[PDB]
Amino acid sequence: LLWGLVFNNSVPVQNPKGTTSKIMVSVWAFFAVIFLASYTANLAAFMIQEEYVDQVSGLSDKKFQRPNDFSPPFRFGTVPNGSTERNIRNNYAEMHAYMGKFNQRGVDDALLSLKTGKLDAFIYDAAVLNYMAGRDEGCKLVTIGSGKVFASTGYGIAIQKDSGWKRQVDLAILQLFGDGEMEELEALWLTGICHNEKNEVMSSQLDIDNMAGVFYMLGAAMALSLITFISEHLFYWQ
Amino acid sequence: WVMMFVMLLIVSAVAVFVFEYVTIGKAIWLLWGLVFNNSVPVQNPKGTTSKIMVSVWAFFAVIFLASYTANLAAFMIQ
Amino acid sequence: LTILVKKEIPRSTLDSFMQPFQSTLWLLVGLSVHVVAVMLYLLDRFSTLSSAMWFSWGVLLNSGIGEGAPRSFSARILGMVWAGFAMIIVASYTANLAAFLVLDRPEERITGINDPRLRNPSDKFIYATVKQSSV
Amino acid sequence: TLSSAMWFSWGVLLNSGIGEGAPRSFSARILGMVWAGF
Amino acid sequence: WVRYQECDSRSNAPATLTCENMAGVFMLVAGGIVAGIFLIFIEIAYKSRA
Amino acid sequence: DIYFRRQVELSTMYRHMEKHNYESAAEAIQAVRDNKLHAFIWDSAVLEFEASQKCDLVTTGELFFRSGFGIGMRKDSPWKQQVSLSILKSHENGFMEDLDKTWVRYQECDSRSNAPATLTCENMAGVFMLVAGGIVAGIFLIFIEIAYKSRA
Amino acid sequence: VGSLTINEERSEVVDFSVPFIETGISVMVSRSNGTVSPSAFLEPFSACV
């Protein structure tokens, strides 16, 4: 009796005898109506504030290692002439040895290959990618983490070897940093639309097949119903 | 609220048909208790052939109140 | 001065007439209903037989159909978590129905003359004013 | 069916099925409809 | 002359009705009321047979 | 104090800054938690560590003066070509990523995203106390009812 | 002047100025669909409730 009304069910259940028994069930009903109305509330609070989690993180992941056990495996894109190739060829040889079949011919061609399912992930410089994250017509998912970069460096101005004109520009650039004029030069530079400025996620739950945990809470009881059936052989010895 | 009554009253024909092969005032008293989530002590109709339409109405009820609580919770925080 | 643009469509969730996730609003749960009726049948036979599905559907849909509880406790401990599962799926359906109607839509529009959609020009946006005017 | 009316009505409110009987008159039934709706 | 008419201030509040149509959820009972008599006829032909 | 004194548009702010300054980082860090000082200005590479250990304070976003801590040398020492190389080499083969993984981001409480959608259903006392009072008072009401049953 | 990174293989021949815009090697991931948690919210009601 006491399970059917706490979990909102009209199981056919005989009430207990007498009017004196009728009180405690009427307390339990007031515990039930408060209970489920709490739990539906908290769950509805929980499932419209939780954030999507970043299924690939870092270059040390098994996905970015040798892609053995993956229905069709990961395809990494890169441009094969520049600095990133010379950095990636001195730390992970087999990574670029696998990546050699997936070259791209341009930045926008990398975006067109990313939109058509032809590429799973793309590897390039940080500043150009942080610009192109902000100037897509949609503002869907962009970069791993927030701004986590692997080999932090800078841009610069190349110059003739040991010329005297280095030490002046070395002052003058710092004077620009001293004046805040880079943020005055921000109006052309990297601003945009949707730089994760909502952190919203709306999802049709075709991915509601994550309910396998409560299916595991089902079939475990489907085990225990056999187990107790086996311990219902104990009156044969008693 | 006006489609509810006119789709509610139509089961009297099958309630007559199951006794031909409990409907004067015991039909709508059953059909109100489960659409508004209540365990009113209500006799079910006779026969296993009557058991189908109530099992449709229960699926209309669970969809209904779960809709209306949803929309009200959308309405009262905007 | 101000900027004039065109409002969008955005829809309501009317087309989800009890089908928000009918891809994964599975009939697999109905097979679970049938096999748990078969399981209660097998638990009750070898310790009220053909009526087990008329029990179990009445557990799910909150409809009190005339029926008896299973006599063995081994079926009762399964029925406990079956009713708990029914409460779980109806509460999750309630929360995901509220989620469609509480969450708004993307495409935040342009804000003043300091927008890079408008400050830095392109082909994807067209701007115009009346000729020979104060603008 | 006279003294048990509150044991009906609390069972209408708190979703607790108590061994009782429906009112015989329809004039009480039409009040019970909107009581359950409330 | 100016503020005499409106439609609705576009504050983008989707929390409103337009529960105008209800067809796909009522069609299950509209199909149940028709198919139920046919299943009742098959059941009573079974009752008459055995 | 150099960055603020250099700017002219912020001069009034700098004139508001002269009467409350501190001498070390830990003094102001302890003084913020004692509510004597509502705000503090320092580097991000100290405050993001401080917001991961002393777990009552928060940063607030944007940056002003983007630079990096460098090795200070005497002018025209002969090591100026060696140490400018090896630093870049340590940025190449993954040494600094091990260094800050060992030292900087090793502890993290909770990215204060202000998500109240969580538990702390720890206590349940005021809702369970109705059944805890019902179980005690019910036997007394049953005794009064059976004294009525015995009487009439 | 332009887009030109800093590394060790170029610093041997060429001298460089002060670092100018922070950058590095990053990775752009696809624009995948939204996902809820892989379980129902069974977190710690089980501890006490």
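In this analysis, Cβ positions are derived from the backbone assuming ideal geometry, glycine residues included, and neighbour counts consider all displayed protein chains. Quick note: the coordinates plus some simple rules give every number you see, no bench work behind them.
Step by step: first the residues of segment C:101-134, then only those that are assigned to a loop (DSSP other than H, G, I, E, B) and either within 14 Å of chain B (Cβ to nearest Cβ) or small (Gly, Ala, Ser) (or both), then the one that is farthest from A:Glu184 (Cα to Cα). Which residue is that? The residue in question is C:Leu103.
If you go through segment A:1-58 and pick out every residue that is among the aromatic types (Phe, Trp, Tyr) and either touching a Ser or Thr at 6+ places or on another chain (Cβ under 7 Å) or more than 7 Å from chain C (Cβ to nearest Cβ) (or both), you end up with 6. Here A:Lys148, A:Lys166 are screened, and the one residue that is more than 30 Å from C:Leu103 (Cα to Cα) and not β-branched (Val, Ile, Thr) is A:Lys166.
Of the residues in segment A:153-161, none is under 11 Å from G:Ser26 (Cα atoms) and at the interface with chain G (Cβ under 9 Å from one of its Cβ atoms). Select from segment A:17-52 the residues that are under 23 Å from F:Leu119 (Cβ atoms) and among the β-branched types (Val, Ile, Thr) and list them in ascending order. Scanning segment A:17-52 gives A:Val33, A:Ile34, A:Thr40, A:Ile48.
Taking segment C:38-76 as the range and being outside any loop (DSSP other than H, G, I, E, B), of a type in the set (A, V, I, L, M, F, W, C) and over 17 Å from B:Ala58 (Cβ atoms) as the test, the residues that pass are C:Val38, C:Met39, C:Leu40, C:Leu42, C:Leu43, C:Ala52, C:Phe73, C:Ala75. Might you let me know whether segment A:93-100 holds any residue that is within 14 Å of chain F (Cβ to nearest Cβ), in a loop (DSSP other than H, G, I, E, B), within 21 Å of F:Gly94 (Cα to Cα) and out of contact with any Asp or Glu (no Cβ under 9 Å at 6 or more places or on another chain)? No, that holds for no residue. Taken over segment C:28-37, the criterion of being within 11 Å of another protein chain (Cβ to nearest Cβ) and over 18 Å from the mean Cα position of the chain (by Cα) is satisfied by C:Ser32, C:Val35, C:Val36. Filtering segment G:18-34 to residues that are among the β-branched types (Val, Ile, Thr), buried (at least 16 other Cβ atoms within 10 Å of the Cβ) and assigned to a loop (DSSP other than H, G, I, E, B) leaves only G:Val18. Give me the residue from segment F:63-76 that is more than 12 Å from chain G (Cβ to nearest Cβ) and surrounded by 10 or more Cβ atoms within 10 Å (Cβ to Cβ) and, out of that set, farthest from the chain's Cα centre (by Cα). That would be F:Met73. Applying the criterion of being part of a loop (DSSP other than H, G, I, E, B) and among the polar types (S, T, N, Q) to the residues of segment E:13-50, the residue that is nearest to B:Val18 (Cα to Cα) is E:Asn21. In segment D:1-27, of all residues being loosely packed, with under 15 Cβ neighbours inside 10 Å and among the aliphatic types (A, V, I, L, M), the one that is nearest to the other protein chains (Cβ to nearest Cβ) corresponds to D:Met6.
Restricting F:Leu141, F:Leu99, F:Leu88 to residues that are more than 10 Å from every other protein chain (Cβ to nearest Cβ) and in contact with a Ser or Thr (Cβ under 9 Å, 6 or more places away or on another chain) narrows the list to F:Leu99. The listed residues are F:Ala117, F:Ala125, and the only one of them that is under 30 Å from A:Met47 (Cβ atoms) and surrounded by 12 or more Cβ atoms within 10 Å (Cβ to Cβ) turns out to be F:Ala117. Take the conditions (1) at the interface with chain A (Cβ under 7 Å from one of its Cβ atoms); (2) surrounded by 15 or more Cβ atoms within 10 Å (Cβ to Cβ); (3) in contact with a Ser or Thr (Cβ under 6 Å, 6 or more places away or on another chain); C:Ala98 misses just one of them, which is (3). Looking at C:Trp26 and the list (1) touching a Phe, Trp or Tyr at 6+ places or on another chain (Cβ under 7 Å); (2) within 15 Å of A:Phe215 (Cα to Cα); (3) not in a helix (DSSP H, G or I), which single condition is not satisfied? Of the numbered conditions (1) touching a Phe, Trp or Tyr at 6+ places or on another chain (Cβ under 7 Å); (2) within 15 Å of A:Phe215 (Cα to Cα); (3) not in a helix (DSSP H, G or I), the odd one out for C:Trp26 is (1). Candidates B:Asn38, B:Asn71: the one that is of a type outside the set (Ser, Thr, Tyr) and touching a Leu at 6+ places or on another chain (Cβ under 7 Å) is B:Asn71. The residue of segment F:45-62 that is farthest from F:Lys101 (Cα to Cα), among those that are surrounded by 12 or more Cβ atoms within 10 Å (Cβ to Cβ) and of a type outside the set (A, V, I, L, M, F, W, C), is F:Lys54. Taking first residues from segment E:10-30 that are within 7 Å of another protein chain (Cβ to nearest Cβ) and partners that are assigned to a helix (DSSP H, G or I) and of a type in the set (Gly, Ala, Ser), the Cβ contacts under 8 Å between residues at least 6 apart in sequence or on separate chains come to E:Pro14/B:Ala74; E:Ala15/B:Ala74. Take A:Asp179 and tell me if it is within 11 Å of chain G (Cβ to nearest Cβ), charged (D, E, K, R) and out of contact with any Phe, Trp or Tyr (no Cβ under 6 Å at 6 or more places or on another chain). No; evaluated as a whole, the condition is false for this residue. Scanning segment B:30-56 for residues that are within 7 Å of another protein chain (Cβ to nearest Cβ), in a helix (DSSP H, G or I) and closer than 28 Å to E:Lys47 by Cβ gives B:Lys51, B:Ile52, B:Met53, B:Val54, B:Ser55, B:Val56. Note on segment F:4-40: among residues that are surrounded by 11 or more Cβ atoms within 10 Å (Cβ to Cβ) and among the aliphatic types (A, V, I, L, M), the one that is farthest from F:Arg105 (Cα to Cα) is F:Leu10. The residues of segment A:185-198 that are in a helix (DSSP H, G or I) and either away from chain C (no Cβ under 13 Å) or polar (S, T, N, Q) (or both) amount to a single one, A:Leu185. State all residues of segment A:151-168 that are closer than 13 Å to G:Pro19 by Cβ and outside any loop (DSSP other than H, G, I, E, B); if no residue qualifies, say none. Selection gives A:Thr153, A:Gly154, A:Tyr155, A:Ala158. If I filter segment A:84-131 down to residues being of a type in the set (S, T, N, Q) and surrounded by 17 or more Cβ atoms within 10 Å (Cβ to Cβ), which single residue comes out as nearest to G:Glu9 (Cα to Cα)? The extreme case among them is A:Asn87.
Out of all the residues in segment A:100-112, is one or more over 30 Å from A:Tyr155 (Cβ atoms) and more than 26 Å from the chain's Cα centre (by Cα)? Among the residues of segment A:100-112, at least one is over 30 Å from A:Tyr155 (Cβ atoms) and more than 26 Å from the chain's Cα centre (by Cα), which makes the answer yes.
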